[PDB]
Amino acid sequence: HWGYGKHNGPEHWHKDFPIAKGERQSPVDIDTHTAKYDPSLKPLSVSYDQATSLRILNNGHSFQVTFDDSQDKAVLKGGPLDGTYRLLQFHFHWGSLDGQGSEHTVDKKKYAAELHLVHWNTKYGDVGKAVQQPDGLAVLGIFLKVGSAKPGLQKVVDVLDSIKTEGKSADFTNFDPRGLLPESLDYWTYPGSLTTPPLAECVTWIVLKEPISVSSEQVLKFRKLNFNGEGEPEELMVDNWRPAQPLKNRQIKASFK
Ligand SMILES: [N]S(=O)(=O)[C][C][C]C1234B567B89%10B%11%12%13B85%14B%1158B%12%11%15B9%13%12B%1061B%12%112C5%153([C][C][C]S([N])(=O)=O)B%14784
Ligand SMILES: [Zn+2]
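The protein carries the name Carbonic anhydrase 2 in the PDB entry, which gives Homo sapiens as its organism. This structure appears in the PDB under the title "Ortho-Carborane di-propyl-sulfonamide in complex with CA IX mimic". As stated in UniProt under Subunit (literature references left out), the record for the protein gives "Interacts with SLC4A4. Interaction with SLC4A7 regulates SLC4A7 transporter activity. Interacts with SLC26A6 isoform 4 (via C-terminus cytoplasmic domain)."

**Observations concerning the site of ligand 1**
In the vicinity of ligand 1, the contacting residues are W2, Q89, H91, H93, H116, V118, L194, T195, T196, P197, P198 and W205. Residue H93 places a side-chain N or O atom 3.3 Å away from a nitrogen atom belonging to ligand 1. One of the backbone N or O atoms of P197 is found 3.3 Å from a nitrogen atom in ligand 1. Here ligand 1 has 580 Å² of accessible area as a free molecule, and 74% of this is covered by the chains. Sorting the residues of the shell around ligand 1 by element identifies β7 (85-94) and β9 (113-121) as the ones contributing at least two each. When residues in the shell around ligand 1 are grouped by element, the largest group, three residues, is from β7.

**Some thoughts on the pairing of β7**
Most of β7 is tucked away: ten of the ten residues are buried. Relative to β7, strand β5 (residues 63-67) runs antiparallel, the two being bridged by three bridges. From the neighbouring strand, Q64 faces β7, where its bridge partner is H91. The hairpin turn running from strand β6 (residues 75-78) into β7, its antiparallel successor, is six residues long, and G79 in that turn takes a positive phi close to 55 degrees. When β7 meets β9, the two strands line up antiparallel, connected through nine bridges. Within β9, the position partnered with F92 by the bridge is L115.

Here is what the cut-offs are and how they apply
- Residues numbered from 1 in each chain as written, not as in the entry; some residues may be left out.
- Chains lettered and ligands numbered in written order.
- Heavy atoms only, no water.
- Residues with missing side-chain atoms left out of burial classes, pairs and counts.
- UniProt positions renumbered as here; feature names shortened; annotations may be inferred.
- Near = heavy atom within 4 Å.
- Polar contact = N/O pair within 3.5 Å; in protein donor to acceptor, adjacent residues only side chain to side chain.
- Areas by Shrake-Rupley, 256 points an atom, 1.4 Å probe, with all protein chains shown as cover.
- Helix = DSSP H or I, 4+ residues; strand = E, 2+ residues; numbered from the N terminus.
- Buried < 20%, exposed > 50% of the residue type's maximum accessible area, 1.4 Å probe, protein only.
- Pairing = 2+ DSSP bridges.

In structure tokens form, the structure reads like this:
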């Protein structure tokens, strides 16, 4: 089974998931000077006031906070999107040290971590169907740098000791994802893929220009998680990021000048 190690990591994934070498794979390096400002791009609409978080889960690749996506309660619209996308979950990718951990890079710069808020297009009814469509998913990506703490992240950090190993979950109600967002919704966008298996080419990527700051203590708690199940040899859940993939025939567009 796939992972991030020498023998099962990103360079191996194409054997089980041949689309790994496809034409619209993610993440990519965002070359800020080559991205074209598109004045026709709308502001992104993030409507998270009625979000209902349910659970927090160590899924063996990351940890995730899952939401009730059975109604239009936490939705993404506008920006480069046509229609309404429901928030299913958010999760992170991070490094063993602060100089790596993001999936997208900005002029080759790696951030300490990257937050993904995963949304699916309501016209397809469920996430399984949406992943089979070229406009099925919209993932909002936010970079994390290390400095000042992010107060809105602390409730997440504080429960990670209860989900150390793969398969563990906990109740995680009343979490407000608005507390993870930077000031600006200026973004880059491009057509891409899931960055984990099955690597489906179903994602409109929306990557915010402004990182959030988190503290060293907050990111250190991420690094105490385990890839392994309880009872198996302990392998720290660190460096759970796919490297930048070839841009090929794609244009990255910017919402801002
Ligand atoms: N094939 S597997 O081993 O079951 C991993 C499945 C991963 C996901 B399921 B469905 B939706 B949810 B969430 B998205 B898609 B598929 B993809 C997911 C992960 C974020 C992929 S990322 N990093 O945001 O591109 B979970
Ligand atoms: Zn992700």
